[PDB]
Structures are given as structure tokens and as C-alpha cells.
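Novice: Sharing a structure below in C-alpha cells format, with a few things to ask.
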Amino acid sequence: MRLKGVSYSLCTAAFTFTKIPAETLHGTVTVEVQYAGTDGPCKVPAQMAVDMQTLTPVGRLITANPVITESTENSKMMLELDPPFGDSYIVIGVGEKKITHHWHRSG
Amino acid sequence: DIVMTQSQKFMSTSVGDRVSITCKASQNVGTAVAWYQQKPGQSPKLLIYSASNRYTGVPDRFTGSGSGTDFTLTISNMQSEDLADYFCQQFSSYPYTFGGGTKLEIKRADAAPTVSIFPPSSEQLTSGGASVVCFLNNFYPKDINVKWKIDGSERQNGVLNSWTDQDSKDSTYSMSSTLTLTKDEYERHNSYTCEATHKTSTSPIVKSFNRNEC
Amino acid sequence: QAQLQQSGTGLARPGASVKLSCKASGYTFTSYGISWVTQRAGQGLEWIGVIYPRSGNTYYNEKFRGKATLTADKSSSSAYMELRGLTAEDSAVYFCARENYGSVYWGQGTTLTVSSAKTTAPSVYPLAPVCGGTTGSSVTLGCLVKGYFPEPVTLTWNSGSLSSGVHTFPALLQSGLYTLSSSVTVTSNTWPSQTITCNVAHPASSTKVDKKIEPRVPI
Ligand SMILES: [Cl-]
Ligand SMILES: [Cl-]
């Protein structure tokens, strides 16, 4: 286990949504992802976005310090985001294998 | 294990067409599907990952969609460089199985084959084997069937067919059909016929010779 | 930049074992798996299995159990696949690929041919038209190349000076030996008044044969 005060690096490998992101009773969205890599433990990049060019964060990531905990292939983790009203994208990962899911939050 | 079915093994398309390639998983795989294209002599290249994400550098003409069991790769405004073999692959569980492939080829106007028949050469007839060759050249579309007859009787065993790849300039296909028999059998018969069924004629093109005639 | 470089023996006899290599560079080898994929000539891709060099864990397609054994060497960032008990049906291209839910990085492929045939120069047969000739303004001649091993041959017409109007067909196996043919079509004023000759080079047997196409005559 890592020592006190050490952050993990960002996960470098690919993620996939294991199932459709699901809206909670009060309008947040829960996500489960599976991770192809063996560089874990590592930090899961996760945000909402409205512009896929700037990737400027909108809404909020609720999960504090989302991580892949396992060093073994195909492990899973869950996180929760708070989308803006209207349309946005759930964006998991950074780099050439980032995944997106279009989301709509009603009033 | 999961089976990924690409039911269309061959598709003919025109430049500018919307091409739809379908991949059906034998059980629910979520969005864990990739699409590749491959050209002869090269490794496959990734186009789409996790069902719907376009890989960097891939033209925006390519879009993946679908989830669960049904996945689609769409090529809008198809270009000639998009002619290739296309494969899906799933990553839900091992083994990471591929679809059977869809080969995209280009459409042109129908063209009847030019058919020519060749008796065994004198040099081959020293060997105890005898090959009768029909060339069926410069035709479109690729679908064609050859039936061989010896003295009126169909012969299926000993027929070998070979096709060229679609021509890079004229978009046609060509085929060789070779009937091989023993020399002894060849010299016991007179009439040899290759018949080509193709959509460009209501009845097959027939090329035939009588062995002992000139 | 991530790269996978493949190497391995290209020709084997039935019963042999071959060890194929996949040398990785330009990324952290222990962060991803390496899979192997096979492609029979003219056929689809098939996933053999994967190794994760960080742990050595392997997962096989049951169709390749025993036939294929995957290993890896962390010290050199190399992955290996040993193919055992080879048969003619194992002739194929074999690729390695990095595993990442959609393989971007692939080796260049190794072509493995498995055959018990010995090196055999082709028989080359000129194919003149049916006796008495054909009607029409063009004429088609042929050349049949039968019973050679290994591939390839190089077939030309008139030493390459006749290149238009030619169709040279892919070789097929016929009892362990390859056969192909070629046609050439010319306007009828060109042949037989001018000569047309099929030339067939077979590098493996160091042979080069010329067959002039001669009109057939009656018995
Ligand atoms: Cl990759
Ligand atoms: Cl010559």
C-alpha cells in the first residue's frame, strides 16, 4: 500500500461502461466502469462536459478520489456525478481511449 | 463463449453511399465492442472503440453505434480508400472474439465475362494428367457459377476455381476454372464444356470444344 | 511511440514447433496485455489468447489450448507464442497486438507456411486457343503453371513487355503443390503473326522457363 501523502497517477489504459449510467432519485448519475489495464492502482479521470473540444468540466464529480484499486486486468469501479440540467457528456478517462455517454437531466 | 455474427460477408458499394455494417453478439456485451478495418498485407487498424467512440485520426465518416447485442458501423459518404475488410470484436469476457468480417468492394455497371476454353496442352498430355481451363474475364458483379460437362455429363470433382481481386482500375473480376482429370479419361471423351451462369445473361455463356476437331 | 515488432520462422514441416516473438517498445510493457491473433489466407481474424506481462496471467481461446503457449519476459519487454504440432491447417498469418479494449498497436504479422512438400520446380504449359482458332477481333492465350513448391513464382508475358490485358490468378494447392494460371488477351492481328511467350521464374528452384504459345494443329 502507498505511503501517506502519495497520490496515484492517472490510469493510462482503456475504460468501458459495464452498463448504462443510471439516474438516482435526486438526479445524480452513477456509473460503473471496467478497466483494461494492469497499471493499477491508479486514479480514474471522470467529469461531465458540454464541449468535447475544450473538455471544460461542467457539473461536478461527486466521488472523492475515484480509483482503480487492483493491479489485475478488467477490474471495475463505481463513481457518481452531478450533471447540469439539460444535455451533457459523461467522460471517463483521458487521452486516446476516453469514453463518452450522452446524458440528459430533466427538470 | 460469445459469438459475434457479421451476417454480410461481402458488400458492394458506390462511392458516396451510406454503408451499414452489422455485428450481432450472441449475448449481451454492453458497449464492449471495437471495430477495425484491414487492408491486404497489413495489420488491422482500430476505427471505433467501446461501441461508439471514434479513434483519433479516423475520418469522421466512420461512426459506431449500438449497445447490448446489436452494433452498427456506419460509413457515410464512402470513399474508395474505405474498401477493406471490416471486423467487430467484443471485450465483455474471454475469449475476445471477432466477427467473421465484412469485405467492402466497389460497384460498377454489370459486365458479362469474356469466356475462353483451353484443351490440355500437348506437353501436359505426356503426364497422365489433363487440365481443361476456362478463363472468365473482366466481369461484374463477382457472383458467378461455372458448371463443367464431359460428353453431356456434369463433372464436379476435380474442378478448381481461382479469382483475382477486384481490379484496381476497371473494378471487374476475373476467374479461372480448371477441370483436372486423368489423361486416360480425357482421351475417352470428345465434348468438353464450361457453362457460366451470371446475372448479365438469362442463360449461361457456353464454351465447348470437341477434342478431335479442328 | 508504442511499437510491436514480430519475428519467427516462416516455413515449417508438419509436427514442428515454432516460437514466434513480439518485441515491444515505446510504452510500459507491464501496463497492458499482449494478445495473439491468427488469420488464415482470405479468412477472418481469430483471437488465440492473451498474456498480461505484469503477472504472467494468460487466458486462452479453448480452440487453441495446447496448440499455442503464450509466455512473456518482463526484463526485455518481449512476448512469445509457441505453436506446437504444426499441421498444414496451421498455415496462417499470426499477429501480436497490444490489449486495450480495442487494439491500436499491432505487430506486422508473421506468415507461417506448414508443408511436407519438397522444393519442386513448376511444370509450365502453353495454352493455345482451340484448334482452328476463335472468332472475333481479339484472342486469349493461357499459361498453366502446375505442381510447384514453395510460393512464389513470377509469371510474365514476353519478358514483361506484354503487361496489359493479362490476368494472373492466385495460386491454389493441389495435393500439396501449387498451381496457377495466367491469361493474356491481344488483338488478333498480333498473334500468331508475332510471338507470345509465357516466362515463369521459380526462385526456390533457381529455374526460369519460357514457353512460346503455338497454334494447335489437328491430330
Ligand atoms: Cl492498443
Ligand atoms: Cl520472352
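Convention: chains lettered A, B, ... in C-alpha cells order; per-chain residue numbering from 1; ligands numbered from 1 as shown.
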Please check which protein, DNA or RNA residues sit within 9 Å of ligand 2, counting only C-alpha atoms and all ligand atoms, and write them as a short mmCIF file (atom, residue, chain, number, x, y, z; two decimals) with C-alpha atoms, in the first residue's frame.
Specialist:
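After the write, selection.cif holds the following:
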data_model
loop_
_atom_site.label_atom_id
_atom_site.label_comp_id
_atom_site.auth_asym_id
_atom_site.auth_seq_id
_atom_site.Cartn_x
_atom_site.Cartn_y
_atom_site.Cartn_z
CA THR C 156 5.44 -12.67 -67.22
CA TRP C 157 4.48 -12.45 -70.87
CA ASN C 158 7.12 -11.55 -73.45
CA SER C 159 9.58 -10.88 -70.61
CA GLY C 160 7.26 -8.24 -69.15
CA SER C 161 6.83 -6.27 -72.37
CA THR C 195 5.33 -14.33 -80.90
CA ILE C 196 3.90 -14.51 -77.40
CA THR C 197 5.82 -16.43 -74.75
CA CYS C 198 5.00 -17.15 -71.11
CA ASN C 199 8.02 -16.85 -68.77
CA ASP C 210 9.94 -19.96 -71.38
CA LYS C 211 7.03 -21.47 -73.31
CA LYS C 212 6.09 -19.96 -76.66
#
Novice: Only residues of chain C matter here; which ones have an atom within 7 Å of chain B, counting only C-alpha atoms? Give them as a compact mmCIF listing (two decimals) with N, CA and C atoms, in the first residue's frame.
Specialist:
# COMPACT_ATOMS: atom_id res chain seq x y z
N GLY C 44 -11.02 -14.76 -41.83
CA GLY C 44 -11.19 -13.76 -40.79
C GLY C 44 -10.13 -13.82 -39.71
N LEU C 45 -10.21 -12.86 -38.80
CA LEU C 45 -9.34 -12.83 -37.63
C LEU C 45 -9.88 -13.76 -36.54
N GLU C 46 -8.96 -14.42 -35.83
CA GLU C 46 -9.33 -15.27 -34.71
C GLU C 46 -8.40 -14.98 -33.53
N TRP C 47 -8.99 -14.73 -32.37
CA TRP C 47 -8.24 -14.39 -31.16
C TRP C 47 -7.76 -15.68 -30.49
N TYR C 60 -6.72 -18.30 -22.64
CA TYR C 60 -6.71 -18.87 -23.97
C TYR C 60 -8.13 -19.06 -24.49
N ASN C 61 -8.27 -18.85 -25.80
CA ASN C 61 -9.39 -19.41 -26.53
C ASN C 61 -9.25 -20.93 -26.50
N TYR C 101 -8.89 -3.00 -24.88
CA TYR C 101 -10.29 -2.85 -25.31
C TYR C 101 -10.38 -2.19 -26.68
N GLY C 102 -9.63 -2.75 -27.63
CA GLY C 102 -9.58 -2.22 -28.98
C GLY C 102 -8.12 -1.99 -29.34
N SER C 103 -7.52 -2.91 -30.08
CA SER C 103 -6.07 -2.91 -30.24
C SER C 103 -5.68 -1.86 -31.27
N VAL C 104 -4.96 -0.83 -30.82
CA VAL C 104 -4.39 0.15 -31.74
C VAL C 104 -3.08 -0.36 -32.29
N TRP C 106 -0.32 -3.12 -33.26
CA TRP C 106 -0.20 -4.49 -33.72
C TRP C 106 1.20 -4.70 -34.26
N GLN C 108 3.54 -6.54 -37.24
CA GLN C 108 3.34 -6.54 -38.68
C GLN C 108 2.84 -7.87 -39.22
N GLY C 109 2.78 -8.90 -38.38
CA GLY C 109 2.36 -10.22 -38.80
C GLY C 109 3.51 -11.09 -39.26
N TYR C 125 2.94 -24.97 -68.92
CA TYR C 125 2.26 -25.46 -70.12
C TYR C 125 1.70 -24.29 -70.90
N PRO C 126 2.08 -24.13 -72.17
CA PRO C 126 1.45 -23.10 -73.01
C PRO C 126 0.04 -23.53 -73.41
N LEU C 127 -0.90 -22.58 -73.36
CA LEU C 127 -2.29 -22.87 -73.72
C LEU C 127 -2.68 -22.04 -74.93
N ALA C 128 -2.64 -22.66 -76.10
CA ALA C 128 -3.12 -22.03 -77.31
C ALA C 128 -4.63 -22.19 -77.41
N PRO C 129 -5.29 -21.35 -78.21
CA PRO C 129 -6.74 -21.48 -78.36
C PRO C 129 -7.12 -22.84 -78.94
N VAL C 130 -8.42 -23.13 -78.88
CA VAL C 130 -8.95 -24.34 -79.51
C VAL C 130 -8.45 -24.46 -80.94
N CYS C 131 -8.24 -25.69 -81.39
CA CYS C 131 -7.71 -25.92 -82.73
C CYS C 131 -8.62 -25.31 -83.78
N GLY C 132 -8.02 -24.57 -84.71
CA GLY C 132 -8.78 -23.85 -85.70
C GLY C 132 -9.08 -22.42 -85.31
N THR C 140 -7.36 -14.83 -76.85
CA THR C 140 -6.88 -15.05 -75.49
C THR C 140 -6.01 -16.29 -75.48
N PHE C 169 -3.80 -15.47 -61.97
CA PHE C 169 -4.69 -15.86 -60.90
C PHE C 169 -3.92 -16.34 -59.67
N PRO C 170 -4.50 -16.16 -58.49
CA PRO C 170 -3.85 -16.64 -57.27
C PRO C 170 -3.64 -18.14 -57.33
N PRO C 218 -4.26 -30.25 -86.10
CA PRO C 218 -5.07 -31.47 -85.97
C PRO C 218 -4.24 -32.67 -85.55
Novice: Residues of chain A no more than 8 Å from chain C, counting only C-alpha atoms: send them over as a list in words.
Specialist: residues 13, 14, 15, 16, 36, 37, 38, 39, 72 and 73 of chain A
Novice: Could you list, as a ChimeraX atom specification, the residues of chain A having an atom within 9 Å of chain B when counting only C-alpha atoms?
Specialist: /A:15-20,96-101
Novice: Name the closest residue to ligand 1 among the candidates C:166, C:180, C:24, C:12; distances are taken between atoms, counting only C-alpha atoms and all ligand atoms.
Specialist: C:24
Novice: Determine, counting only C-alpha atoms, which protein, DNA and RNA residues have an atom within 10 Å of an atom of residue 143 of chain B; residues of the same chain fewer than 6 positions away are not included. Present the result as a VMD selection string.
Specialist: chain B and resid 173 197 to 199
Novice: Can you check which residues of segment 51-213 of chain C DSSP gives as strand (DSSP E or B) on the backbone and send them as a PyMOL selection string?
Specialist: chain C and resi 51-52+57-60+65+68-73+78-83+92-99+106+110-114+120+123-127+138-149+154-157+162+166-168+172-174+177-187+197-202+207-212
Novice: If you count only C-alpha atoms, which residues fall within 7 Å of residue 18 of chain C, apart from same-chain ones fewer than 4 positions away, as a PyMOL selection string?
Specialist: chain C and resi 9+82-84
Novice: Leaving out residue 84 of chain A and any residue of its chain fewer than 6 positions from it, which residues lie within 8 Å of it when counting only C-alpha atoms, given as a PyMOL selection string?
Specialist: chain A and resi 58-59+105
Novice: Using only C-alpha atoms and all ligand atoms, pick whichever of A:91, A:12, A:47, A:22 has the shortest atom-to-atom distance to ligand 1.
Specialist: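 Among the listed residues, A:12 lies closest to ligand 1.
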Novice: Residues at most 6 Å from segment 26-32 of chain A, counting only C-alpha atoms, excluding those fewer than 4 positions away in the same chain, as a list in words?
Specialist: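 Result of the neighbour search: residues 17, 18, 21, 22, 77, 78, 79, 80, 81 and 82 of chain A.
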Novice: One decimal, Å: what's the distance from atom CA of residue 195 of chain B over to atom CA of residue 169 of chain B, could you say?
Specialist: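 Separation of atom CA of residue 195 of chain B and atom CA of residue 169 of chain B: 27.2 Å.
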Novice: Counting only C-alpha atoms and all ligand atoms, figure out which residue out of C:107, C:8, C:19, C:62 gets nearest to ligand 1.
Specialist: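 Between C:107, C:8, C:19, C:62, the residue approaching ligand 1 most closely is C:107.
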Novice: Residues near residue 79 of chain B, anyone? I mean within 8 Å using only C-alpha atoms, not counting same-chain ones fewer than 2 positions away, as a list in words.
Specialist: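 Near neighbours after the sequence-gap exclusion: residues 15, 16, 77, 81, 82 and 83 of chain B.
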Novice: Ranking C:177, C:41, C:97, C:48 by minimum distance to ligand 1 and counting only C-alpha atoms and all ligand atoms, which one comes first?
Specialist: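 Among C:177, C:41, C:97, C:48, it is C:97 that comes nearest to ligand 1.
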Novice: For a test of reading the model, state the distance in Å between atom CA of residue 150 of chain C and atom CA of residue 89 of chain C, rounded to one decimal.
Specialist: 16.1 Å
